[PDB]
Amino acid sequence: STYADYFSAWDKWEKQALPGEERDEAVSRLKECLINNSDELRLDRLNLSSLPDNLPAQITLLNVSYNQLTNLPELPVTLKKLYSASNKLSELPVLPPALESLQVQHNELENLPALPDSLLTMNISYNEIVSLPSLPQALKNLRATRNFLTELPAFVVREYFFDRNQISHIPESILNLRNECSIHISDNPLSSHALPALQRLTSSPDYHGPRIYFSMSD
C-alpha cells in the first residue's frame, strides 16, 4: 500500500463521520502513525462506529478500545497486541498469527477464532462466549469473567478467571493443577455442595492443589 492509497481511503472515510464521531482526530492519528513509522496506533475513545479498511501495516500494537465498533478490518499480520475492549464486536477476524496479547472484554462476541500459539494473555470477559477453542501452551493469563461457558477447558504462574459463567461441574482435572495456578470460579451454578466441600479441601494444612477461589466470600 502506497501513501496515496492510505491517505485517500482515510480522507474518504472521514467525510462520512456521524455527528460526534471523531473520524477527524482518527485520521490525524493514522497520518501521524504513517509519517513517523510508529509501532503503535491508538484510536481509543473517539466514538468510532467503524475503522477505515486499511490500517498502517507496520504496527505492532493497535488500541481501538472504548469505541462503538461492530467489526474490525483485517489486522496487520505484524500485530503483537490487540486492545479492542468496550466496543460492540460480534466476531473477531482471524488473528494475526504471532499475536501476544488479546484484550477484547466488553463486546458482544459469541465465538472466538483460533488462538495463536504466541498468545500470553487474553481477556475475553463480558461477552457471550459458550465454548473455548484449543488454548495456547504459552498462555499465562486468561480472564473470561461473565461469559456463558458451561465447562472448564481441560488444561509459569498462571491465573484463569471463570467467575460468573454457567459452569455446573468442578472437573477432577482442576484438582490436578499446581499451587502456582489460581482458578477463579465464583458465582457459577455449581452444586450447593461445592462450596463447603471446596472450603474444607483447600483450607486443610496438607492441601496440595491449585489456589481455587469459589465463593462470594461465604
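Residues carry their position along the shown sequence, with the first being 1.
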- Query: What number of residues from the deposited sequence go unmodelled in the gap from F155 to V156, classed as none, 1 to 3, 4 to 9, or 10 or more?
  - Reply: 4 to 9
- Query: As stated in the PDB record, which stretch has the larger average Cα B-factor, 205-213 or 7-15?
  - Reply: 205-213
- Entry-level comparison of average CA B-factors, 167-175 and 56-64, reporting the higher stretch: 167-175
- Query: If you check the C-alpha B-factor for each of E32, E151, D44, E40 in the entry, which is highest?
  - Reply: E151
- Per the PDB entry, maximal CA B factor within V77, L89, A114, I124: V77
- Task: Taking the values exactly as deposited, rank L142 by C-alpha B-factor within its chain and report the matching third: lowest, middle or highest.
- Result: middle
- Message: Split into thirds by Cα B-factor across the chain's modelled residues, where does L135 land: lowest, middle or highest?
- Response: highest
- Note on the structure: In terms of its chain's C-alpha B-factors, the third that includes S191 is the middle
- Task: Could you say whether, by C-alpha temperature factor, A98 belongs to the lowest, middle or highest third of its chain?
- Result: highest
- Task: Going by the recorded CA B-factors, say which third of the chain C181 sits in, lowest, middle or highest.
- Result: highest
